[PDB]
Amino acid sequence: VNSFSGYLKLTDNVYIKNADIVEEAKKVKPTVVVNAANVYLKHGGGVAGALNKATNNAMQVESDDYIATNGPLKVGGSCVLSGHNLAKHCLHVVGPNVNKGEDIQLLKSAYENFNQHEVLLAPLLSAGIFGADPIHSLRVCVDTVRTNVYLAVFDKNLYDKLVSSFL
């Protein structure tokens, strides 16, 4: 049993809910929250900007030190950093950004990072301001992630379309 509430079950391991990812993390304090990161860990807008704002910019300060030491992530890659006030850990995952021309086949590689964690609270990778089709992102998630993933979908309209169209 875990603390996640109000989710619709899609598969053995994937759950979905219409919710503000920063409000869900604050309520649950999950072991892992996933950030929709870029390779520079520059959290200016979208999921990253909202999560970072909720940490009072401490996520960005920690991320700048990580990049100064290690250099940029790979598209499809990840790193584990603090979850600050939101979670124990934040898994920063880089899905391909269609609005930069990145290979959508890298979305499966991005979701494979989730398999290193038994339970996660996450957004749909490469959705929102990243430019991919969220229906596609949900299919890759279900076909790639084997650990238990609780997906938070920001838009009520999109949530209802993801559920209604789910095979």
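Numbers here simply count residues along the sequence, with the first being 1. All values below come from the heavy atoms of this structure, side chains included, with hydrogens, waters and symmetry mates left out.
Note that the CG atom of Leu107 and the NE2 atom of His136 stand 5.5 Å from one another [nearest 0.5 Å]. Rounded to the nearest 0.5 Å, atoms CZ (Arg146) and CG (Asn115) are 4.0 Å apart. Note that CG of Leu91 and CG of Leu121 are 11.5 Å apart. Values are rounded to the nearest 0.5 Å. The distance from atom CZ of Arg139 to atom CG of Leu124, rounded to the nearest 0.5 Å, is 12.0 Å. Here the CG atom belonging to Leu81 is positioned 10.5 Å from the NE2 atom belonging to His89, to the nearest 0.5 angstrom. In this structure, SG in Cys141 is found 8.0 Å from CG in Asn13, a value given to the nearest 0.5 Å.
Considering only heavy atoms from C-beta on, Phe154 comes within 4.5 Å of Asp20 through its side chain. Between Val28 and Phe4, the closest side-chain pair of non-hydrogen atoms falls below 4.5 Å. With a 4.5 Å cut-off on side-chain heavy atoms, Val94 and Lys74 do not count as touching. Between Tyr150 and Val119 the shortest side-chain heavy-atom distance falls below 4.5 Å. In this structure, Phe114 and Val93 have side chains that are in contact, with non-hydrogen atoms separated by less than 4.5 Å. A heavy-atom distance below 4.5 Å is found between the side chains of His84 and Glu62.
In plain terms, the two heavy atoms of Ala152 and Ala19 that are nearest each other are CB-O, 3.9 Å. Contact detail for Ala37 and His92: the closest heavy-atom pair is CB-CB, 3.9 Å. Closest approach of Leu120 to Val34, counting heavy atoms only: CD2-CG2, 3.6 Å. Shown here for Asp12 and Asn148, the closest heavy-atom pair between the two residues is O-OD1, 4.5 Å. Of all non-hydrogen atoms in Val140 and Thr144, the two that sit nearest each other are O-OG1, 2.7 Å. In plain terms, the two heavy atoms of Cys90 and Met59 that are nearest each other are SG-CE, 4.0 Å.
Counting non-hydrogen atoms of neighbouring residues, nucleotides and ligands closer than 6.0 angstrom, the OH atom of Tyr66 exceeds 12 such neighbours. In the displayed structure, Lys100 atom NZ is contacted under 6.0 Å by more than 12 heavy atoms of other residues, nucleotides or ligands. The neighbour count for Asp103 CG, taken as heavy atoms of other residues, nucleotides or ligands under 6.0 Å away, is above 12.
The main-chain N or O of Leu125 is found under 3.5 Å from a side-chain atom of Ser137 such that the two form a donor-acceptor pair. Under the 3.5 Å distance criterion, the side-chain polar atoms of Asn97 are left unmatched by any main-chain donor or acceptor of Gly131. Between the side chain of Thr69 and the main chain of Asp65, a donor-acceptor pair closer than 3.5 Å is present. With hydrogens and angles disregarded, a donor-acceptor distance shorter than 3.5 Å links the side chain of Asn113 to the backbone of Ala110.
Neither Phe130 nor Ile104 shares a network with the other; the hydrophobic side chains, linked directly or stepwise wherever heavy atoms of I, L, V, M, F, W or Y lie under 4.5 Å apart, form separate groups for each. One hydrophobic cluster, built from ILVMFWY side chains closer than 4.5 Å, cannot hold both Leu106 and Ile135; they sit in different ones. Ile67 and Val61 are members of different hydrophobic clusters when ILVMFWY side chains are connected at heavy-atom separations under 4.5 Å. No single ILVMFWY cluster, assembled from side-chain heavy atoms under 4.5 Å apart, contains both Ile129 and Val75. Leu73 and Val33 end up in different hydrophobic clusters when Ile, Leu, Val, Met, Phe, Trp and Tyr side chains are linked at under 4.5 Å.
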List, one per line, each side-chain donor-acceptor pair under 3.5 Å for residues 40-54, sequence neighbours excluded.
| from | atom 1 | to | atom 2 | distance (Å) |
| --- | --- | --- | --- | --- |
| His43 | ND1 | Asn35 | ND2 | 3.4 |
| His43 | NE2 | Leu41 | O | 3.2 |
| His43 | NE2 | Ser63 | OG | 3.0 |
| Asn52 | OD1 | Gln60 | N | 2.9 |
| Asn52 | ND2 | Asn57 | OD1 | 2.9 |

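Of the candidates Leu151, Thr147, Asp143, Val14 forms a side chain to side chain contact (heavy atoms under 4.5 Å, CB included) with just one, namely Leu151.
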key: Worked verdict on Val153 versus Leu138 for side-chain contact (heavy atoms from CB on, under 4.5 Å)   = CA-CA 11 Å; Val153 179; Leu138 180 54; over 6 Å; no

ask   = Are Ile16 and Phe166 close enough, and set up right, to give a side-chain contact (heavy atoms from CB on, under 4.5 Å), and what steps lead you there?
value = CA-CA 11 Å; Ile16 195 165; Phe166 183 70; over 6 Å; no

